[PDB]
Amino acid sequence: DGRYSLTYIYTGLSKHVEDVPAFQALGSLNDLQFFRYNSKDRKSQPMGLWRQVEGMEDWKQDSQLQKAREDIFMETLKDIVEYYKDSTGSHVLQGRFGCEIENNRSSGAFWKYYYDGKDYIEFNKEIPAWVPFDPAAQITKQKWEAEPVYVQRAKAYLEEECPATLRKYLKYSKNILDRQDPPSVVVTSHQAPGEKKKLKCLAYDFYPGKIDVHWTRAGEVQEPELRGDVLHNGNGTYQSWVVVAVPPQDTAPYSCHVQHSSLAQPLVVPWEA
């Protein structure tokens, strides 16, 4: 077994402007986002490759849960703004929570909020109790700990529920998170009217993202003039490119090299002028 992480991020705005939802939520499994929800549509929607997954989650019921989450989250923001007596201002509360497993064993958990970018309050499950960092968080803490069962529920969420949810999602996400998709490569060249000729090597449609792409000139690894990459969440694939400029009078042999975890050995793709 390897490392898997489940992370949720909530963002609330006390005075949202036109076309920006007051509350937005997203969730990621490792490097991929699997769902989103906002206060405009009010629907939890799967994303990327999870749009094709069936039976992992009942999105209609999750929608109801997120609405309840949104309500409490925004009330928390409202209370903070009230404490500072600044509702005419535009403020933001962001919360991050989730857990991780490694070798099928819980290996980490976190739950922390930030107000206007500064640490606000976080849960320490070993105590177990909330830890305030901002003066207003002392009030929030008092409310979140008004009955003995509240900290017990918070501890159970990080230690029992969240990892159970991750394990479940992993059962339906094997063909997504554990893929070893080999890269397709395409070499191409371009001539800028007046500038040198440049050779572009592109590796695409691969996963995971870790990859080694480099050009060689007569077997000599070259220094790229421009390099870049991207992750397309819709597809769950990466693309990575490298570019070199070639002397107007160079005849040497150019070849692109690609090494990736899904390949039995590296690939070489020479460029034919």
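When you see a residue number, it is the position in the sequence shown, counting from 1.
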Averaging only over Cα atoms, indicate whether 112-120 or 153-161 has the higher B-factor in the PDB entry. 153-161
State which stretch shows the higher mean Cα B factor in the entry: 33-41 or 56-64. 56-64
Taking the Cα B-factors listed in the entry, which of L26, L231, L49, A218 comes out highest? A218
Have a look at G95, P128, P132, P193 and flag the one whose Cα has the highest B-factor in the entry. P193
Can you tell me whether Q222 has a C-alpha B-factor in the lowest, middle or highest third compared with the other modelled residues of the same chain? highest
Which third of the chain holds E75 when residues are ordered by C-alpha B factor: lowest, middle or highest? middle
For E145, return the chain-relative third of its C-alpha B-factor as stated in the PDB record: lowest, middle or highest. lowest
What third of the chain, by the recorded C-alpha B-factor, contains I101? middle
Please rank the C-alpha B-factors of the chain's modelled residues and tell me whether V187 sits in the lowest, middle or highest third. highest
